[PDB]
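S.K.: so I pulled this structure from the PDB, and the sequence comes with it:
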Amino acid sequence: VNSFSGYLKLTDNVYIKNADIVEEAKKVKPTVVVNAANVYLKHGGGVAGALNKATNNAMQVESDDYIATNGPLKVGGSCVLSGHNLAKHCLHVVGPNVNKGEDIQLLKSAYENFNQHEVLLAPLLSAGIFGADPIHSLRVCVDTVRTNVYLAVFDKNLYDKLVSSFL
Ligand SMILES: Cc1cc(Br)ccc1[C@@H](CC(=O)O)NC(=O)c1ncnc2[nH]ccc12
C-alpha cells in the first residue's frame, strides 16, 4: 500500500493521473521522482524547468556540480541525485529529444532506468518539448518498466487521449 491517490490503473504495474508532477511530488514525497533531463542537466523548461523552479534552483546547483565532476549523461542514461524538497531522490533520465534528431529506439533504454527503483513518480519520457508522440511513450513505458510507476500527465486533454487510446 502506498500514498498515491486518484490514479487510473493501466496495467499490473503502470498507473496514470492528470496531475502537475510538481504538485504531486510536494504532496506524496515519493522515494523517487523522475526528471525529464537532458545530457547536460540544464533544467531550463518542460518538466525539468518546473521541478528545478520548485526547488528554488537547488536542483540546478547540484546538477552543475555533478556535470563538472562526471561530464554529460548519455541519451538513454540516468543519474540519481537529491530530490530536495520534492522527494528523497530525483532520477534524472534522458529520453531522446526528437527536436534534436535523436534515435527514438533510445526511449526503451531510457525507461529501463526505472527498473532500478521499486516505485517511482514519473512523466512520460520524450514527451512535451522533447517532441515524441506521447501515445508511443506510454506504450514503451508499459512494455519496458516492470517496477511500480505512477505517471503524471500535466495536460488534461492529453491525459484523456492517452487513457481512451490505451490498448
Ligand atoms: C513538456 C514535457 C517535456 C517532456 Br521531455 C516530457 C513531458 C512533458 C509534459 C507532457 C505532459 O503534458 O504530461 N509534461 C510536463 O511538462 C509536466 N508533467 C507533469 N507535471 C508537470 N509539472 C510541470 C510541468 C509538468
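M.R.: Sure thing, it's come through. Numbers count the residues shown, from 1 in each chain.

S.K.: ok and the residue in the chain nearest the ligand?
M.R.: Residue of the chain nearest the ligand, by Cβ to the nearest ligand atom: residue 128 (1.6 Å). All C-beta atoms are positioned from the backbone trio N, CA, C, and that covers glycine.

S.K.: so how far is residue 153 from that residue?
M.R.: 10 Å (Cβ to Cβ, to the nearest Å).

S.K.: get me the contact residues on this structure for the ligand.
M.R.: Within the chain, the positions lying close to the ligand (Cβ under 6 Å from any ligand atom) are 20-22, 36, 46-47, 50, 123-124, 126-130, 152-155, 158.

S.K.: of those residues, which belong to strands?
M.R.: In strands, defined here by DSSP state E, the members of the residues of the chain next to the ligand are 36, 152-153.

S.K.: can I get these in JSON lines including neighbour count?
M.R.: Below are these laid out as JSON lines (neighbours: other Cβ atoms under 10 Å):
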{"residue": "36", "neighbour count": "28"}
{"residue": "152", "neighbour count": "25"}
{"residue": "153", "neighbour count": "24"}
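
S.K.: closest one of those to residue 103?
M.R.: Relative to residue 103, the closest of these is residue 36; by Cβ to Cβ it sits at 17.2 Å.

S.K.: picking up where we left off before, and the residues of the chain next to the ligand, which of them are in helices?
M.R.: The subset of the residues of the chain next to the ligand located in helices under the criterion DSSP state H comprises 21-22, 46-47, 50, 158.

S.K.: which of those sit farthest apart?
M.R.: Every pair in these was compared (Cβ to Cβ); the two farthest apart turn out to be 22 and 158, at 16.7 Å.

S.K.: circling back: my guess is the residue of the chain closest to the ligand contacts residue 36. True?
M.R.: Yes. Residue 128 is in contact with residue 36 according to Cβ atoms under 8 Å; the separation is 7.1 Å.

S.K.: distance of residue 40 from residue 152?
M.R.: When Cβ to Cβ is applied, the distance between residue 40 and residue 152 equals 24 Å.

S.K.: which SS class is residue 65?
M.R.: Assigned with DSSP: H, G, I helix; E, B strand; the rest coil, residue 65 falls in the helix class.
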